Amino acid sequence: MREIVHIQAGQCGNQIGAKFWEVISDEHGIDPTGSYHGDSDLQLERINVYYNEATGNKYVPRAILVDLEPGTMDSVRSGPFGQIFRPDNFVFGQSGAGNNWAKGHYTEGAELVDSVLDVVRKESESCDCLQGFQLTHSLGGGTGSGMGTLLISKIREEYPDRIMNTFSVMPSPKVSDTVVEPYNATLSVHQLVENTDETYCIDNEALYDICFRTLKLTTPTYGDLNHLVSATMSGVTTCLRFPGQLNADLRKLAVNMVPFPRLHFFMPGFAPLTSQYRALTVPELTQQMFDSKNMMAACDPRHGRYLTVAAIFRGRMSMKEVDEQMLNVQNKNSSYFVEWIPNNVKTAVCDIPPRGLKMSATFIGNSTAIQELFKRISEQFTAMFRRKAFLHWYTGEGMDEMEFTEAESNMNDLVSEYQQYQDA
Amino acid sequence: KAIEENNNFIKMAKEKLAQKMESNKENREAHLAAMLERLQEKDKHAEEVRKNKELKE
Ligand SMILES: CC(C)(C)c1nc[nH]c1/C=c1\[nH]c(=O)/c(=C/c2cccc(C(=O)c3ccc(F)cc3)c2)[nH]c1=O
Ligand SMILES: Nc1nc2c(ncn2[C@@H]2O[C@H](COP(=O)(O)OP(=O)(O)O)[C@@H](O)[C@H]2O)c(=O)[nH]1
Ligand SMILES: [Ca+2]
Ligand SMILES: [Mg+2]
């Protein structure tokens, strides 16, 4: 288990997905045209996880770019690292999806889905040992939400034994393109509960607040939100992209993070938050990454309990001090970690720091407080759905009101399931 | 179902339109038929006027 196949779908999916390949190509010493110009052998030791090797010693990302309109994928190709992607993997339709799940999942995207799967099969074929798939998308629009979940369901049929992980950006009125986002997100959440092994709940509410309150940016762009996202995307892929005596793949990590199959929605976090000179001490990283203010999903971890936690510290620091600090927060806040999963906080350290920061820490929390996120989208859904508002956009593409009623019920069940383990 | 309903809408728009345009042609022709029939009734009256002058001499 070494190779991962990456898929990015929709405007959002392709935006944050482009930033992921920008950050990690820098970390691995791969330039905009694909050639290696690093110094450490650690940068090439597990480069096969995310890159294929080409003639002339060129490195090409194992990345498939999906969208139902050309716009954003033309911006990817024009952008800084766009030349590195394999041209055959740019798979795109023409008519768009108008922020419509139905268009993505049932009509427009159905016409394009099979040619995306042909490129997946092409990449999966020449993979010594495929460990699984990772996907970047929003749940608020049409393509990434509707088609992205359709792809996830098709990929599971053809590859039922492989791990499916997602970075799924959650919509919020604070950063809102259309009023129908709650509808699209609710329909998508039901898909992820069934068909993904882990889903990283990037909440645009949370990214906005971190940009506004804790970074003092008055008018935050999508780039300021995406800056925070890419820092986390790098962090969660660190232990696969480098050593350091850690013998873990996506499945091994999934096995240790997911105690119940439906409850695989994580609360990501990063320290320090940036947009510095003084490097943080190990105690600061530990307090910040556990702090609610640094959470990428707008939930209060004090309102739930941690099922499992994973933390990956980057930089040259004392592993003794890391152990001490990680043990300090658990033993001084032990009510918020479930007693019925012993030793549920696990940690790793990587010597190579990310670009700019001398030492950082990425937080992966499977907390029952994520019900707050799903309750918020459930409230927005019902506000509109009780008056069948904006439904004509979906019934026009063939959908029934029943499918909405099902999806409403499936997410409220997930909320109830999270509540069960919060009181146990 | 999306195709079925999109086709139904095209079908019934076409049938609703053809029914109105044929119903309109019936109504217009019948309105003009009645106008001429009233005018042709005046020619039959004017023929009786001209006969009752010659049949009174
Ligand atoms: C002992 C220690 C601390 C290492 C540990 N013990 C349990 N856990 C851990 C740590 C991890 N556990 C994970 O499950 C994990 C998941 C992972 C890995 C790779 C990719 C993606 C992913 O969703 C993705 C990323 C970018 C993107 F574009 C789209 C999707 C997730 N990463 C970890 O570092
Ligand atoms: N964080 C972040 N969110 C985005 C970005 N672009 C769009 N969104 C969010 O994604 C949703 C719109 O979906 P989008 O990806 O544009 O639609 P699609 O292209 O049809 O998949 C909204 O909830 C937006 O707030 C981005 O670059 N970054
Ligand atoms: Ca078409
Ligand atoms: Mg958009």
# chains A, B, ... in the order shown; residues from 1 in each chain; ligands from 1

$ residues_around --residues "range 397-411 of chain A" --least-positions-apart "2" --cutoff "6 Å" --atoms "only C-alpha atoms" --output "JSON, numbers by chain"
{"A": [187, 394, 395, 413, 414], "B": [1, 2]}

$ select_by_dssp --residues "range 43-269 of chain A" --states "strand (DSSP E)" --output "NGL selection string"
:A and (51-54 or 58-61 or 63-67 or 90-92 or 130-138 or 163-170 or 198-203 or 265-269)

$ write_last_selection --atoms "C-alpha atoms" --output "PDB file, in the first residue's frame"
ATOM      1  CA  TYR A  51       3.410  11.202  -7.979  1.00  0.00           C
ATOM      2  CA  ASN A  52       4.043   8.999 -11.020  1.00  0.00           C
ATOM      3  CA  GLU A  53       7.511   8.992 -12.573  1.00  0.00           C
ATOM      4  CA  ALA A  54       7.807  10.084 -16.231  1.00  0.00           C
ATOM      5  CA  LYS A  58       9.800  14.101 -14.403  1.00  0.00           C
ATOM      6  CA  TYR A  59       7.246  13.798 -11.561  1.00  0.00           C
ATOM      7  CA  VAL A  60       3.536  13.972 -12.502  1.00  0.00           C
ATOM      8  CA  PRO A  61       0.814  14.166  -9.782  1.00  0.00           C
ATOM      9  CA  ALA A  63      -4.375  13.755  -9.844  1.00  0.00           C
ATOM     10  CA  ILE A  64      -7.649  13.839 -11.778  1.00  0.00           C
ATOM     11  CA  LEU A  65      -9.338  17.227 -12.311  1.00  0.00           C
ATOM     12  CA  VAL A  66     -13.140  17.151 -12.736  1.00  0.00           C
ATOM     13  CA  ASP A  67     -15.659  19.919 -13.462  1.00  0.00           C
ATOM     14  CA  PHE A  90      -8.465  17.222 -17.225  1.00  0.00           C
ATOM     15  CA  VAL A  91     -12.007  15.817 -17.709  1.00  0.00           C
ATOM     16  CA  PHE A  92     -14.736  18.456 -18.216  1.00  0.00           C
ATOM     17  CA  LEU A 130      -3.133   1.344  -4.570  1.00  0.00           C
ATOM     18  CA  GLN A 131      -4.040   2.205  -0.960  1.00  0.00           C
ATOM     19  CA  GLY A 132      -7.045   4.372  -1.797  1.00  0.00           C
ATOM     20  CA  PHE A 133      -8.610   7.570  -3.089  1.00  0.00           C
ATOM     21  CA  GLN A 134      -8.785  11.117  -1.806  1.00  0.00           C
ATOM     22  CA  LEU A 135     -11.250  13.779  -2.977  1.00  0.00           C
ATOM     23  CA  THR A 136     -11.521  17.574  -2.700  1.00  0.00           C
ATOM     24  CA  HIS A 137     -14.939  19.194  -3.148  1.00  0.00           C
ATOM     25  CA  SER A 138     -17.563  21.501  -1.698  1.00  0.00           C
ATOM     26  CA  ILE A 163     -10.005   3.520   1.290  1.00  0.00           C
ATOM     27  CA  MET A 164     -12.080   6.598   0.307  1.00  0.00           C
ATOM     28  CA  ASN A 165     -11.132   9.816   2.146  1.00  0.00           C
ATOM     29  CA  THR A 166     -12.455  13.353   1.504  1.00  0.00           C
ATOM     30  CA  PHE A 167     -11.789  16.984   2.259  1.00  0.00           C
ATOM     31  CA  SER A 168     -15.372  18.266   2.110  1.00  0.00           C
ATOM     32  CA  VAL A 169     -15.904  22.022   2.406  1.00  0.00           C
ATOM     33  CA  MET A 170     -19.182  22.744   4.282  1.00  0.00           C
ATOM     34  CA  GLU A 198     -12.922   9.544   6.616  1.00  0.00           C
ATOM     35  CA  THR A 199     -14.309  13.007   5.780  1.00  0.00           C
ATOM     36  CA  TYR A 200     -12.547  16.204   6.862  1.00  0.00           C
ATOM     37  CA  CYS A 201     -15.257  18.761   7.613  1.00  0.00           C
ATOM     38  CA  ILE A 202     -13.798  22.065   6.440  1.00  0.00           C
ATOM     39  CA  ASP A 203     -16.430  24.604   7.489  1.00  0.00           C
ATOM     40  CA  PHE A 265     -16.420  13.104  10.194  1.00  0.00           C
ATOM     41  CA  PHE A 266     -13.370  14.808  11.632  1.00  0.00           C
ATOM     42  CA  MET A 267     -12.713  18.244  13.059  1.00  0.00           C
ATOM     43  CA  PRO A 268      -9.445  19.470  11.492  1.00  0.00           C
ATOM     44  CA  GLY A 269      -7.138  22.035  13.155  1.00  0.00           C
TER      45      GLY A 269
END

$ closest_residue --among "A:175, A:84, A:42, A:113" --to "ligand 2" --atoms "only C-alpha atoms and all ligand atoms"
A:175

$ interface_residues --of "chain B" --to "chain A" --cutoff "12 Å" --atoms "only C-alpha atoms" --output "CSV table (one decimal) with N, CA, C and O atoms, in the first residue's frame"
chain,number,residue,atom,x,y,z
B,1,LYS,N,-37.5,10.3,-15.7
B,1,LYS,CA,-38.5,11.1,-15.3
B,1,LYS,C,-38.3,12.6,-15.7
B,1,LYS,O,-39.3,13.3,-16.1
B,2,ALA,N,-37.1,13.0,-15.7
B,2,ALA,CA,-36.8,14.4,-16.2
B,2,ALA,C,-37.1,14.5,-17.7
B,2,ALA,O,-37.7,15.5,-18.1
B,3,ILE,N,-36.8,13.5,-18.5
B,3,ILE,CA,-37.1,13.5,-19.9
B,3,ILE,C,-38.7,13.4,-20.1
B,3,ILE,O,-39.2,14.2,-20.8
B,4,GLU,N,-39.3,12.5,-19.4
B,4,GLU,CA,-40.8,12.3,-19.4
B,4,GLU,C,-41.5,13.6,-19.2
B,4,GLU,O,-42.4,13.9,-19.9
B,5,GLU,N,-41.2,14.3,-18.1
B,5,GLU,CA,-41.8,15.6,-17.8
B,5,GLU,C,-41.5,16.7,-18.8
B,5,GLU,O,-42.3,17.6,-19.1
B,6,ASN,N,-40.2,16.8,-19.2
B,6,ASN,CA,-39.8,17.8,-20.3
B,6,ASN,C,-40.6,17.5,-21.6
B,6,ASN,O,-41.0,18.5,-22.2
B,7,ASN,N,-40.8,16.3,-22.0
B,7,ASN,CA,-41.5,15.9,-23.1
B,7,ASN,C,-43.0,16.2,-23.0
B,7,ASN,O,-43.7,16.6,-24.0
B,9,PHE,N,-44.5,18.5,-21.1
B,9,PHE,CA,-44.6,19.9,-21.2
B,9,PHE,C,-44.6,20.4,-22.7
B,9,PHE,O,-45.4,21.2,-23.1

$ atom_distance --atom1 "atom 5 (C, counted along the ligand's line) of ligand 2" --atom2 "CA of residue 162 in chain A"
27.7 Å

$ atom_distance --atom1 "CA of residue 5 in chain A" --atom2 "CA of residue 28 in chain A"
17.4 Å

$ closest_atom_pairs --of "chain A" --to "ligand 4" --cutoff "10 Å" --atoms "only C-alpha atoms and all ligand atoms" --output "tab-separated table"
residue	atom	partner	partner_atom_place_in_ligand_line	distance
A:10	CA	ligand 4	1 (Mg)	7.8
A:11	CA	ligand 4	1 (Mg)	5.5
A:12	CA	ligand 4	1 (Mg)	7.0
A:72	CA	ligand 4	1 (Mg)	9.1
A:97	CA	ligand 4	1 (Mg)	9.5
A:98	CA	ligand 4	1 (Mg)	8.3
A:99	CA	ligand 4	1 (Mg)	7.1
A:138	CA	ligand 4	1 (Mg)	9.2
A:140	CA	ligand 4	1 (Mg)	8.7
A:141	CA	ligand 4	1 (Mg)	6.4
A:142	CA	ligand 4	1 (Mg)	8.4
A:143	CA	ligand 4	1 (Mg)	9.2
A:144	CA	ligand 4	1 (Mg)	9.7
A:176	CA	ligand 4	1 (Mg)	9.4
A:177	CA	ligand 4	1 (Mg)	6.7
A:178	CA	ligand 4	1 (Mg)	9.0

$ residues_near_ligand --ligand "ligand 1" --cutoff "8 Å" --atoms "only C-alpha atoms and all ligand atoms" --output "ChimeraX atom specification"
/A:6-8,16-17,20,133-136,165-167,198-200,233-240,246,248-254,256-257,309-312,346-349,364

$ write_last_selection --atoms "C-alpha atoms" --output "mmCIF file, in the first residue's frame"
data_model
loop_
_atom_site.group_PDB
_atom_site.id
_atom_site.type_symbol
_atom_site.label_atom_id
_atom_site.label_comp_id
_atom_site.auth_asym_id
_atom_site.auth_seq_id
_atom_site.Cartn_x
_atom_site.Cartn_y
_atom_site.Cartn_z
ATOM 1 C CA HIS A 6 -6.417 12.184 -5.962
ATOM 2 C CA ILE A 7 -9.608 13.583 -7.512
ATOM 3 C CA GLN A 8 -10.677 17.259 -7.380
ATOM 4 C CA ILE A 16 -8.149 23.896 -2.715
ATOM 5 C CA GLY A 17 -6.927 20.880 -4.698
ATOM 6 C CA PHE A 20 -2.564 21.052 -2.126
ATOM 7 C CA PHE A 133 -8.610 7.570 -3.089
ATOM 8 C CA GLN A 134 -8.785 11.117 -1.806
ATOM 9 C CA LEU A 135 -11.250 13.779 -2.977
ATOM 10 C CA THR A 136 -11.521 17.574 -2.700
ATOM 11 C CA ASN A 165 -11.132 9.816 2.146
ATOM 12 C CA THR A 166 -12.455 13.353 1.504
ATOM 13 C CA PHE A 167 -11.789 16.984 2.259
ATOM 14 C CA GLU A 198 -12.922 9.544 6.616
ATOM 15 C CA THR A 199 -14.309 13.007 5.780
ATOM 16 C CA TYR A 200 -12.547 16.204 6.862
ATOM 17 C CA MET A 233 -4.242 19.199 3.852
ATOM 18 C CA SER A 234 -0.435 19.112 4.037
ATOM 19 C CA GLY A 235 -0.544 18.233 7.744
ATOM 20 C CA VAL A 236 -2.867 15.233 7.412
ATOM 21 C CA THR A 237 -0.752 13.810 4.537
ATOM 22 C CA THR A 238 2.618 14.286 6.335
ATOM 23 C CA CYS A 239 2.886 10.820 7.907
ATOM 24 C CA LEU A 240 2.229 9.165 4.503
ATOM 25 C CA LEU A 246 5.772 5.208 11.255
ATOM 26 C CA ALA A 248 0.898 3.301 8.640
ATOM 27 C CA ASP A 249 -1.292 3.529 5.513
ATOM 28 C CA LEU A 250 -4.796 5.008 5.025
ATOM 29 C CA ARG A 251 -6.493 1.793 6.292
ATOM 30 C CA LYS A 252 -4.292 1.440 9.399
ATOM 31 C CA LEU A 253 -5.029 5.071 10.261
ATOM 32 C CA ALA A 254 -8.739 4.649 9.471
ATOM 33 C CA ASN A 256 -7.475 3.585 14.637
ATOM 34 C CA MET A 257 -9.641 6.702 14.105
ATOM 35 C CA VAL A 309 -7.634 12.304 18.475
ATOM 36 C CA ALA A 310 -4.576 12.306 16.233
ATOM 37 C CA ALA A 311 -1.919 15.044 16.241
ATOM 38 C CA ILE A 312 1.100 15.264 13.940
ATOM 39 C CA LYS A 346 -1.996 9.261 19.434
ATOM 40 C CA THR A 347 0.868 11.412 18.175
ATOM 41 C CA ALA A 348 3.641 11.553 15.589
ATOM 42 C CA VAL A 349 6.580 13.838 14.930
ATOM 43 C CA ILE A 364 -7.378 15.534 13.595
#

$ residues_near_ligand --ligand "ligand 3" --cutoff "8 Å" --atoms "only C-alpha atoms and all ligand atoms" --output "ChimeraX atom specification"
/A:95,107-108,111

$ write_last_selection --atoms "C-alpha atoms" --output "mmCIF file, in the first residue's frame"
data_model
loop_
_atom_site.group_PDB
_atom_site.id
_atom_site.type_symbol
_atom_site.label_atom_id
_atom_site.label_comp_id
_atom_site.auth_asym_id
_atom_site.auth_seq_id
_atom_site.Cartn_x
_atom_site.Cartn_y
_atom_site.Cartn_z
ATOM 1 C CA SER A 95 -23.028 23.346 -19.535
ATOM 2 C CA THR A 107 -28.330 14.519 -15.292
ATOM 3 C CA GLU A 108 -25.368 16.672 -16.388
ATOM 4 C CA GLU A 111 -23.188 12.249 -18.913
#

$ closest_residue --among "A:55, A:89, A:288, A:145" --to "ligand 2" --atoms "only C-alpha atoms and all ligand atoms"
A:145

$ residues_around --residues "range 369-372 of chain A" --least-positions-apart "3" --cutoff "8 Å" --atoms "only C-alpha atoms" --output "list in words"
residues 265, 266, 267, 297, 298, 299, 300, 301, 302, 303, 304, 305, 375, 376, 414, 415, 418 and 419 of chain A

$ closest_residue --among "A:25, A:362, A:218, A:75" --to "ligand 2" --atoms "only C-alpha atoms and all ligand atoms"
A:75

$ atom_distance --atom1 "CA of residue 334 in chain A" --atom2 "CA of residue 412 in chain A"
28.3 Å

$ decode --residues "range 2-39 of chain B" --atoms "N, CA and C atoms" --output "JSON list (two decimals), in the first residue's frame"
[["chain", "number", "residue", "atom", "x", "y", "z"],
["B", 2, "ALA", "N", -37.09, 13.04, -15.72],
["B", 2, "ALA", "CA", -36.75, 14.37, -16.22],
["B", 2, "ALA", "C", -37.11, 14.52, -17.70],
["B", 3, "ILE", "N", -36.78, 13.50, -18.49],
["B", 3, "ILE", "CA", -37.14, 13.46, -19.91],
["B", 3, "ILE", "C", -38.66, 13.39, -20.08],
["B", 4, "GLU", "N", -39.30, 12.46, -19.36],
["B", 4, "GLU", "CA", -40.75, 12.26, -19.40],
["B", 4, "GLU", "C", -41.53, 13.56, -19.17],
["B", 5, "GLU", "N", -41.17, 14.30, -18.12],
["B", 5, "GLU", "CA", -41.82, 15.58, -17.80],
["B", 5, "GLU", "C", -41.47, 16.72, -18.77],
["B", 6, "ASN", "N", -40.24, 16.77, -19.25],
["B", 6, "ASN", "CA", -39.83, 17.76, -20.25],
["B", 6, "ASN", "C", -40.57, 17.54, -21.58],
["B", 7, "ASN", "N", -40.75, 16.27, -21.95],
["B", 7, "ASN", "CA", -41.52, 15.90, -23.14],
["B", 7, "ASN", "C", -43.01, 16.17, -23.00],
["B", 8, "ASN", "N", -43.55, 15.90, -21.81],
["B", 8, "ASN", "CA", -44.96, 16.13, -21.49],
["B", 8, "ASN", "C", -45.34, 17.60, -21.66],
["B", 9, "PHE", "N", -44.47, 18.46, -21.14],
["B", 9, "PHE", "CA", -44.62, 19.90, -21.24],
["B", 9, "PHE", "C", -44.59, 20.39, -22.70],
["B", 10, "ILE", "N", -43.68, 19.85, -23.51],
["B", 10, "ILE", "CA", -43.63, 20.17, -24.95],
["B", 10, "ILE", "C", -44.87, 19.62, -25.67],
["B", 11, "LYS", "N", -45.23, 18.38, -25.37],
["B", 11, "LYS", "CA", -46.43, 17.74, -25.92],
["B", 11, "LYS", "C", -47.68, 18.58, -25.69],
["B", 12, "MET", "N", -47.96, 18.86, -24.42],
["B", 12, "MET", "CA", -49.19, 19.56, -24.01],
["B", 12, "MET", "C", -49.23, 21.05, -24.39],
["B", 13, "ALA", "N", -48.07, 21.69, -24.50],
["B", 13, "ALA", "CA", -47.99, 23.05, -25.03],
["B", 13, "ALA", "C", -48.40, 23.07, -26.50],
["B", 14, "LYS", "N", -47.88, 22.10, -27.25],
["B", 14, "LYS", "CA", -48.19, 21.94, -28.68],
["B", 14, "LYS", "C", -49.67, 21.63, -28.94],
["B", 15, "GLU", "N", -50.25, 20.76, -28.12],
["B", 15, "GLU", "CA", -51.67, 20.41, -28.23],
["B", 15, "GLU", "C", -52.60, 21.53, -27.76],
["B", 16, "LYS", "N", -52.25, 22.19, -26.65],
["B", 16, "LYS", "CA", -52.99, 23.36, -26.16],
["B", 16, "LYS", "C", -53.01, 24.49, -27.19],
["B", 17, "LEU", "N", -51.87, 24.71, -27.84],
["B", 17, "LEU", "CA", -51.73, 25.76, -28.86],
["B", 17, "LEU", "C", -52.53, 25.45, -30.13],
["B", 18, "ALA", "N", -52.44, 24.21, -30.61],
["B", 18, "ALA", "CA", -53.17, 23.79, -31.82],
["B", 18, "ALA", "C", -54.69, 23.82, -31.63],
["B", 19, "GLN", "N", -55.15, 23.47, -30.43],
["B", 19, "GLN", "CA", -56.57, 23.54, -30.09],
["B", 19, "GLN", "C", -57.08, 25.00, -30.10],
["B", 20, "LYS", "N", -56.30, 25.92, -29.54],
["B", 20, "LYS", "CA", -56.68, 27.35, -29.53],
["B", 20, "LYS", "C", -56.69, 27.97, -30.93],
["B", 21, "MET", "N", -55.66, 27.68, -31.73],
["B", 21, "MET", "CA", -55.56, 28.26, -33.07],
["B", 21, "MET", "C", -56.64, 27.72, -34.02],
["B", 22, "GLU", "N", -57.09, 26.48, -33.83],
["B", 22, "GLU", "CA", -58.21, 25.93, -34.60],
["B", 22, "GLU", "C", -59.55, 26.46, -34.09],
["B", 23, "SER", "N", -59.72, 26.53, -32.77],
["B", 23, "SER", "CA", -60.91, 27.13, -32.15],
["B", 23, "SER", "C", -61.10, 28.60, -32.53],
["B", 24, "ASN", "N", -59.99, 29.33, -32.67],
["B", 24, "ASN", "CA", -60.02, 30.72, -33.09],
["B", 24, "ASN", "C", -60.45, 30.90, -34.54],
["B", 25, "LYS", "N", -59.96, 30.02, -35.41],
["B", 25, "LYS", "CA", -60.32, 30.07, -36.83],
["B", 25, "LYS", "C", -61.80, 29.73, -37.05],
["B", 26, "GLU", "N", -62.33, 28.78, -36.28],
["B", 26, "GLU", "CA", -63.77, 28.49, -36.26],
["B", 26, "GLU", "C", -64.59, 29.72, -35.87],
["B", 27, "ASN", "N", -64.21, 30.33, -34.75],
["B", 27, "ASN", "CA", -64.92, 31.50, -34.22],
["B", 27, "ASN", "C", -64.88, 32.72, -35.13],
["B", 28, "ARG", "N", -63.71, 33.00, -35.72],
["B", 28, "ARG", "CA", -63.55, 34.15, -36.61],
["B", 28, "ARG", "C", -64.37, 33.95, -37.88],
["B", 29, "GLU", "N", -64.24, 32.77, -38.49],
["B", 29, "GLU", "CA", -65.00, 32.44, -39.70],
["B", 29, "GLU", "C", -66.52, 32.48, -39.46],
["B", 30, "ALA", "N", -66.97, 31.93, -38.34],
["B", 30, "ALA", "CA", -68.39, 31.97, -37.97],
["B", 30, "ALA", "C", -68.91, 33.40, -37.73],
["B", 31, "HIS", "N", -68.06, 34.27, -37.19],
["B", 31, "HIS", "CA", -68.37, 35.70, -36.99],
["B", 31, "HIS", "C", -68.49, 36.44, -38.33],
["B", 32, "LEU", "N", -67.55, 36.16, -39.24],
["B", 32, "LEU", "CA", -67.60, 36.70, -40.61],
["B", 32, "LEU", "C", -68.71, 36.08, -41.47],
["B", 33, "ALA", "N", -69.05, 34.81, -41.21],
["B", 33, "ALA", "CA", -70.14, 34.13, -41.93],
["B", 33, "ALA", "C", -71.49, 34.76, -41.60],
["B", 34, "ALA", "N", -71.71, 35.03, -40.31],
["B", 34, "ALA", "CA", -72.91, 35.72, -39.83],
["B", 34, "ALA", "C", -73.04, 37.15, -40.36],
["B", 35, "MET", "N", -71.92, 37.86, -40.52],
["B", 35, "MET", "CA", -71.92, 39.24, -41.02],
["B", 35, "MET", "C", -72.34, 39.30, -42.48],
["B", 36, "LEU", "N", -71.77, 38.42, -43.30],
["B", 36, "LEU", "CA", -72.13, 38.33, -44.71],
["B", 36, "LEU", "C", -73.56, 37.81, -44.92],
["B", 37, "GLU", "N", -73.97, 36.83, -44.13],
["B", 37, "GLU", "CA", -75.34, 36.31, -44.19],
["B", 37, "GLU", "C", -76.40, 37.38, -43.89],
["B", 38, "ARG", "N", -76.10, 38.27, -42.94],
["B", 38, "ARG", "CA", -76.95, 39.45, -42.68],
["B", 38, "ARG", "C", -76.94, 40.43, -43.85],
["B", 39, "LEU", "N", -75.78, 40.62, -44.48],
["B", 39, "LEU", "CA", -75.65, 41.47, -45.67],
["B", 39, "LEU", "C", -76.33, 40.87, -46.91]]
